[PDB]
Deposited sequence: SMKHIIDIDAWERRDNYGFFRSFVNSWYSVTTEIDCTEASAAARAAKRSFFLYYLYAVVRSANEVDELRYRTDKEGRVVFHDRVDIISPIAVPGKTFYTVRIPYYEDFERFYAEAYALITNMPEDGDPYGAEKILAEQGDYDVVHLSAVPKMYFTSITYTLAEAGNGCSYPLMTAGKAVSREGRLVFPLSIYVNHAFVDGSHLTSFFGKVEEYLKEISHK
């Protein structure tokens, strides 16, 4: 939301976008590790959801790295969003139900709204309604995160949707928190378009994720 159709002639990545259009898949993923020692302890002490702690860190970080908010819309236009929200499949008794959760820089506002959304899903709600709304609208002004807190991994890969259009928005996976040499760490993976996002931008994003996880634990 708060979208800008990019002036590609003035855009610093015009050459990158043109180069990567010719590829069957220009998307790629990186799995890293995030230190969560302090946040794991703090979320437990506060009787709060650790999932929402790192979900806040992830969506805030995406809203502080410009390159993570570029999309190719359903008409092929390069668009930049001043704001992106986060969608996540929430485990449901028996399946998953995907919720769209708004970003607020104020952690207390974010946490309450998100907890209400993941606790109070409508009983008559389509578990895949959020994705269908996003696809029909065609802006893709979100990032998507799947939580797998029981699976430790050092790598995960993602699907290839269409040749020339490998994905529609950044995808992420967060895995099990594990101990190593006195720290608690969890694996975090992200899938992005090379046309929009380089390693330097991912470095900034991962740094902010770890930084804000620490910040909300004090």
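Gaps in the coordinates relative to the deposited sequence fall at 95, 220.
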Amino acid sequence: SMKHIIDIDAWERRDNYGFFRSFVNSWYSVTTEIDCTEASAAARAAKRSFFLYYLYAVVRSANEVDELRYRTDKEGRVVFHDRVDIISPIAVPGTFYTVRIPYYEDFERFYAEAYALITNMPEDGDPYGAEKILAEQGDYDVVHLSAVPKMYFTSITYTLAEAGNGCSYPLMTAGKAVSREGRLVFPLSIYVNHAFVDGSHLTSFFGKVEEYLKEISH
From here on, numbers count along this sequence of modelled residues.
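Here the stretch with the larger average CA B-factor, out of 159-167 and 186-194, is 159-167. Taking only CA atoms, the mean B-factor in the PDB entry is higher for 97-105 than for the other of 97-105 and 136-144. Listed residues 209, 24, 10, 202 were ranked by CA B-factor as deposited; 10 comes out on top. Across the options 84, 87, 92, 78, the residue with the most elevated CA B-factor in the record is 92. Per the deposited record, the Cα B-factor of residue 44 falls in the highest third when ranked against the other modelled residues of its chain. Sorting the modelled residues of the chain by their CA temperature factor places residue 69 in the lowest third.
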